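Okay, so here's the structure we're looking at.
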Amino acid sequence: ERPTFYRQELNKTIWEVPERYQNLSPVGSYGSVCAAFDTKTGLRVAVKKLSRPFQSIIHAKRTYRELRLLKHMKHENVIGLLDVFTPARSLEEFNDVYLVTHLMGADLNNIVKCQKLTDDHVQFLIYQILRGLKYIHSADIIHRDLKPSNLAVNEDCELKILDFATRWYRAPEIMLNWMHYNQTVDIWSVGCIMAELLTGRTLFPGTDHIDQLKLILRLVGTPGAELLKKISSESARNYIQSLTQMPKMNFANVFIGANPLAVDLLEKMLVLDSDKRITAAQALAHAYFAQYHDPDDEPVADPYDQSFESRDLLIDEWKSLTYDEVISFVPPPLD
Ligand SMILES: Nc1ccc2c(NC3CC3)nc(-c3ccccc3)nc2c1
Ligand SMILES: O=C(Nc1ccccc1)c1cccnc1
C-alpha cells in the first residue's frame, strides 16, 4: 500500500511527498533540497528532488548512479539513504525521484570560513574523513570531488562525506588530464582540506589549471626522474620538463607551528607521485590520530557492483533500472 502523498509548490518547483514528511523548507540548490520533519522517525531530514532525472541518457545514467551509490553507503562517516520515493504508481508514469537523508548541520566550508580550528578539532575531522574514505575506497569507489562544501558536520563535530573551486582540491594527475588515476586522488584532496583547516587559507587557490599546477609544484617541487619516467603523455611530460625546476619545500617551514605529526601526515598526503601517496587505511594508523584510531571499528564496505558504468543503454532502460532500485529499497533499521 502506497502512502498518502500531498502536493505543494516550493519556490520554483512542485513537490509531491508522502504525508510522513512535514514542514518542507528549501535549503538551496542536479536538483533542489528541502529540510523536513519526518514524523515516522522523529528526525530532521533532507529531501532532494532530482531535476529532470530522465531527460537524456546522461541524466538517466547519473540518476541511476546516484541511487545505486546512496543505497550502498552504510557507514557513520558517509551520507546514507533514509528513503527514496516517487509519487508514480507505475513505471509508465515514473518521472520524479526524491531521495531522503539525515539533515546535516553545516558544511566544512562554514566551520572554516568563520573561524580557525583547534588541532584537536582538525584531528577528529580528518580522522572521520579518512574513516569514511577507507570504507568508500574499499568498495572500489573514488569520490573524485572532495572539498569542504562536500563534507557535512553537525554541532557534535560528527562528519559525513556527501556529493553536494573544485580545482583547488584536485590532485595534479587529474589536472594534467591523466586517464589512469587511482583512489589516492582523494587522499590528495584530504591533504588540501587538512592544510586549509590548520591554516585558515586555501592551500592551492589556482585561477585555472595551469596556475593550479604552478601553485602545487611550488610546494611539492617539480617531479624528479623517477616520476617523469611514469608520464605517458609527451606534452604533459614536456610541460613539466619545460618549467623551471622547483625544489621540494620543507613542510615544517610552510605549516609553521602546526603540530609536527600533522606536518608529517601532510608530507605523506601531498606527494606528487600517486604510487607513493599514503592510503586512507594507512593514514588512519598514522600517529596523528593516536587518540581516535581503533583498528576494530574502521569497517570496510560490501562489494559494490559498478559494471553498469561501462554500459551504454537507452533512456528508458536506465529509467526502468532506476525504478527497480526505488521499488527494492529497504529502509534502514530504526532503534
Ligand atoms: N604513477 C604515476 C604517478 C603520477 C602521475 C602523474 N602525476 C602528475 C605529475 C603530477 N601524471 C601522469 C600522467 C600521465 C599521462 C598524462 C598525464 C599525466 N601519470 C602519473 C603516474
Ligand atoms: O544534500 C543533502 N542531502 C542529500 C544528499 C543526497 C541525496 C539526498 C539528500 C543535505 C543537504 C543539507 C544538509 N544535509 C544533507
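Residue numbering restarts at 1 in every chain; chains get A, B, ... in the order shown in the C-alpha cells, and ligands count up from 1 in that same order.
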query = Got a sec: who's within 8 Å of residue 281 of chain A, counting only C-alpha atoms, leaving out chain neighbours fewer than 4 positions off, as a PyMOL selection string?
reply = chain A and resi 130-131+134+285
ask   = Using only C-alpha atoms and all ligand atoms, what are the residues with an atom within 10 Å of ligand 2, set out as a VMD selection string?
value = chain A and resid 26 to 29 31 to 35 44 to 50 66 to 67 69 to 70 79 to 84 98 to 107 150 to 154 160 to 164
task = Can you pull out every residue within 7 Å of segment 258-268 of chain A, counting only C-alpha atoms, but drop anything in the same chain fewer than 6 positions away, and send it as number ranges by chain?
result = A: 191, 251-252, 277-278, 287-288
task = May I have all residues of segment 44-216 of chain A that DSSP, computed from the backbone, assigns to alpha helix (DSSP H), given as JSON, numbers by chain?
result = {"A": [57, 58, 59, 60, 61, 62, 63, 64, 65, 66, 67, 68, 69, 70, 71, 72, 108, 109, 110, 111, 112, 119, 120, 121, 122, 123, 124, 125, 126, 127, 128, 129, 130, 131, 132, 133, 134, 135, 136, 137, 138, 172, 173, 174, 175, 185, 186, 187, 188, 189, 190, 191, 192, 193, 194, 195, 196, 197, 198, 199, 209, 210, 211, 212, 213, 214, 215, 216]}
request  = Have a look at atom CA of residue 269 of chain A and atom CA of residue 182 of chain A and let me know their distance in Å, one decimal.
outcome  =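 Atom CA of residue 182 of chain A lies 13.7 Å from atom CA of residue 269 of chain A.
The coordinates place atom CA of residue 243 of chain A at 23.5 Å from atom CA of residue 202 of chain A.
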Return as CSV the residues of chain A lying at most 7 Å from ligand 1, together with the closest atom-to-atom pair for each and the distance in Å to one decimal, counting only C-alpha atoms and all ligand atoms, with rows in chain order and ascending residue number.
residue,atom,partner,partner_atom_place_in_ligand_line,distance
A:172,CA,ligand 1,10 (C),4.5
A:173,CA,ligand 1,7 (N),3.8
A:176,CA,ligand 1,17 (C),4.8
A:177,CA,ligand 1,17 (C),5.3
A:178,CA,ligand 1,17 (C),3.9
A:223,CA,ligand 1,9 (C),6.4
A:227,CA,ligand 1,3 (C),6.2
A:230,CA,ligand 1,21 (C),4.9
A:231,CA,ligand 1,14 (C),3.9
A:232,CA,ligand 1,15 (C),4.2
A:233,CA,ligand 1,15 (C),4.2
A:236,CA,ligand 1,17 (C),5.5
A:272,CA,ligand 1,10 (C),5.1
A:273,CA,ligand 1,3 (C),4.1
A:274,CA,ligand 1,3 (C),4.4
A:275,CA,ligand 1,1 (N),5.3
Residues of the last selection are to be written out with N, CA and C atoms, as a compact mmCIF listing (two decimals), in the first residue's frame.
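Generated output (part.txt):
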# COMPACT_ATOMS: atom_id res chain seq x y z
N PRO A 172 47.08 16.65 -8.80
CA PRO A 172 47.70 17.13 -10.03
C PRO A 172 47.63 16.14 -11.21
N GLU A 173 47.61 14.83 -10.96
CA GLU A 173 47.42 13.86 -12.06
C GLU A 173 46.12 14.13 -12.83
N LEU A 176 46.54 17.39 -14.90
CA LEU A 176 47.28 17.02 -16.10
C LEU A 176 46.48 16.12 -17.06
N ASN A 177 45.25 15.76 -16.66
CA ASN A 177 44.32 15.01 -17.52
C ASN A 177 44.70 13.52 -17.71
N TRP A 178 45.46 12.97 -16.75
CA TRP A 178 45.76 11.53 -16.70
C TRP A 178 44.47 10.73 -16.65
N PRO A 223 58.59 17.33 -10.55
CA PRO A 223 58.81 15.89 -10.50
C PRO A 223 60.26 15.52 -10.77
N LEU A 227 59.50 9.99 -11.28
CA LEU A 227 58.09 10.21 -11.57
C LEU A 227 57.87 10.54 -13.05
N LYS A 230 57.24 7.92 -15.45
CA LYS A 230 55.89 7.31 -15.42
C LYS A 230 54.83 8.12 -16.18
N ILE A 231 55.24 9.22 -16.81
CA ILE A 231 54.28 10.08 -17.52
C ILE A 231 54.21 9.74 -19.01
N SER A 232 53.08 9.14 -19.41
CA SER A 232 52.87 8.61 -20.76
C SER A 232 52.51 9.63 -21.83
N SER A 233 52.02 10.80 -21.43
CA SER A 233 51.75 11.90 -22.38
C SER A 233 52.98 12.77 -22.56
N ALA A 236 52.40 16.68 -21.74
CA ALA A 236 52.40 16.74 -20.27
C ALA A 236 53.82 16.66 -19.72
N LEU A 272 53.37 14.14 -5.03
CA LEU A 272 53.10 14.22 -6.45
C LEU A 272 52.83 12.84 -7.04
N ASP A 273 53.74 11.91 -6.77
CA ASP A 273 53.62 10.55 -7.24
C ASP A 273 52.53 9.78 -6.51
N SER A 274 51.46 9.46 -7.24
CA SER A 274 50.29 8.83 -6.66
C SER A 274 50.54 7.43 -6.13
N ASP A 275 51.57 6.76 -6.67
CA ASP A 275 52.00 5.46 -6.17
C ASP A 275 52.63 5.52 -4.78
inquiry  = So that I can check the surroundings of residue 62 of chain A, please list as a list in words every protein, DNA and RNA residue that reaches within 12 Å of it, counting only C-alpha atoms and ignoring chain neighbours fewer than 3 positions away.
reply    = residues 30, 50, 51, 52, 53, 54, 55, 56, 57, 58, 59, 65, 66, 67, 68, 69, 308, 309, 315, 318, 319, 321 and 322 of chain A
Once you have the residues from the selection above, write them out as an mmCIF file, in the first residue's frame, restricted to N, CA and C atoms.
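Saved as again23.cif:
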data_model
loop_
_atom_site.group_PDB
_atom_site.id
_atom_site.type_symbol
_atom_site.label_atom_id
_atom_site.label_comp_id
_atom_site.auth_asym_id
_atom_site.auth_seq_id
_atom_site.Cartn_x
_atom_site.Cartn_y
_atom_site.Cartn_z
ATOM 1 N N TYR A 30 21.455 19.801 -10.622
ATOM 2 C CA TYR A 30 21.338 18.439 -10.089
ATOM 3 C C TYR A 30 19.972 18.190 -9.415
ATOM 4 N N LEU A 50 15.232 15.341 -7.588
ATOM 5 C CA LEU A 50 16.145 15.410 -8.728
ATOM 6 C C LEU A 50 15.481 16.259 -9.828
ATOM 7 N N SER A 51 16.226 17.148 -10.465
ATOM 8 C CA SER A 51 15.601 17.894 -11.564
ATOM 9 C C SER A 51 15.842 17.153 -12.872
ATOM 10 N N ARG A 52 14.777 16.999 -13.655
ATOM 11 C CA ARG A 52 14.812 16.338 -14.978
ATOM 12 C C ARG A 52 15.643 15.044 -14.937
ATOM 13 N N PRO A 53 15.293 14.095 -14.035
ATOM 14 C CA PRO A 53 16.170 12.922 -13.836
ATOM 15 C C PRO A 53 16.383 12.035 -15.079
ATOM 16 N N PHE A 54 15.406 12.026 -15.992
ATOM 17 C CA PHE A 54 15.401 11.106 -17.129
ATOM 18 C C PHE A 54 15.293 11.810 -18.470
ATOM 19 N N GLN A 55 15.799 13.037 -18.518
ATOM 20 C CA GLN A 55 15.700 13.874 -19.705
ATOM 21 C C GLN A 55 16.699 13.571 -20.854
ATOM 22 N N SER A 56 17.846 12.975 -20.532
ATOM 23 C CA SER A 56 18.802 12.495 -21.537
ATOM 24 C C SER A 56 19.405 11.177 -21.055
ATOM 25 N N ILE A 57 20.193 10.515 -21.898
ATOM 26 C CA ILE A 57 20.906 9.298 -21.474
ATOM 27 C C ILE A 57 21.836 9.572 -20.284
ATOM 28 N N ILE A 58 22.467 10.744 -20.296
ATOM 29 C CA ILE A 58 23.453 11.139 -19.306
ATOM 30 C C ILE A 58 22.798 11.395 -17.955
ATOM 31 N N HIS A 59 21.688 12.122 -17.975
ATOM 32 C CA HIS A 59 20.892 12.344 -16.792
ATOM 33 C C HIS A 59 20.418 11.028 -16.214
ATOM 34 N N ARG A 65 23.134 6.070 -11.219
ATOM 35 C CA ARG A 65 24.387 6.084 -10.453
ATOM 36 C C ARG A 65 24.182 6.627 -9.031
ATOM 37 N N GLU A 66 23.521 7.771 -8.906
ATOM 38 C CA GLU A 66 23.341 8.395 -7.603
ATOM 39 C C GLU A 66 22.557 7.468 -6.672
ATOM 40 N N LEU A 67 21.460 6.913 -7.170
ATOM 41 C CA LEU A 67 20.636 5.980 -6.404
ATOM 42 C C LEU A 67 21.392 4.715 -5.991
ATOM 43 N N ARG A 68 22.098 4.091 -6.938
ATOM 44 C CA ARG A 68 22.960 2.948 -6.627
ATOM 45 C C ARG A 68 24.000 3.280 -5.530
ATOM 46 N N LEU A 69 24.685 4.408 -5.660
ATOM 47 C CA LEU A 69 25.731 4.750 -4.673
ATOM 48 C C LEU A 69 25.134 4.975 -3.275
ATOM 49 N N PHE A 308 27.690 -1.502 -14.411
ATOM 50 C CA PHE A 308 26.810 -0.595 -15.172
ATOM 51 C C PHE A 308 27.531 0.622 -15.758
ATOM 52 N N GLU A 309 28.610 1.083 -15.112
ATOM 53 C CA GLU A 309 29.341 2.265 -15.598
ATOM 54 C C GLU A 309 29.824 2.105 -17.030
ATOM 55 N N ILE A 315 17.531 5.640 -22.607
ATOM 56 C CA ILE A 315 16.913 6.394 -21.511
ATOM 57 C C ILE A 315 15.898 5.534 -20.773
ATOM 58 N N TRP A 318 17.636 2.863 -18.435
ATOM 59 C CA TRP A 318 18.147 3.472 -17.199
ATOM 60 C C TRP A 318 17.001 3.815 -16.262
ATOM 61 N N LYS A 319 15.911 4.313 -16.832
ATOM 62 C CA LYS A 319 14.688 4.617 -16.094
ATOM 63 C C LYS A 319 14.109 3.369 -15.432
ATOM 64 N N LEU A 321 15.669 0.581 -14.759
ATOM 65 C CA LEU A 321 16.645 0.130 -13.777
ATOM 66 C C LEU A 321 16.538 0.988 -12.511
ATOM 67 N N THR A 322 16.329 2.293 -12.694
ATOM 68 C CA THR A 322 16.180 3.223 -11.561
ATOM 69 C C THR A 322 14.912 2.880 -10.770
#
Could you build a table of the residues in segment 172-206 of chain A lying no more than 7 Å from segment 136-146 of chain A, giving for each the nearest pair of atoms and their separation in Å rounded to one decimal place, using only C-alpha atoms, ordered by chain and ascending residue number, as a Markdown table?
| residue | atom | partner | partner_atom | distance |
| --- | --- | --- | --- | --- |
| A:183 | CA | A:142 | CA | 5.4 |
| A:185 | CA | A:144 | CA | 6.7 |
| A:186 | CA | A:144 | CA | 6.0 |
| A:189 | CA | A:146 | CA | 5.9 |
query = Could you state the separation of atom CA of residue 204 of chain A and atom CA of residue 270 of chain A in Å, given to one decimal place?
reply = 11.5 Å
key: Shell of 8 Å around residue 245 of chain A, only C-alpha atoms, local chain residues under 3 positions omitted, as JSON, numbers by chain   = {"A": [221, 222, 241]}
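Residue nearest residue 124 of chain A within the list A:77, A:63, A:250, A:328: A:77 [criterion: smallest interatomic distance, only C-alpha atoms].
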key: Selection: 12 Å around residue 335 of chain A, only C-alpha atoms, excl. self and same-chain fewer than 3 positions, as an NGL selection string   = :A and (41-42 or 332)
ask   = With distances taken over only C-alpha atoms, which of A:133, A:228, A:112, A:91 is nearest to residue 73 of chain A?
value =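 Using only C-alpha atoms, residue 73 of chain A sits closest to A:133.
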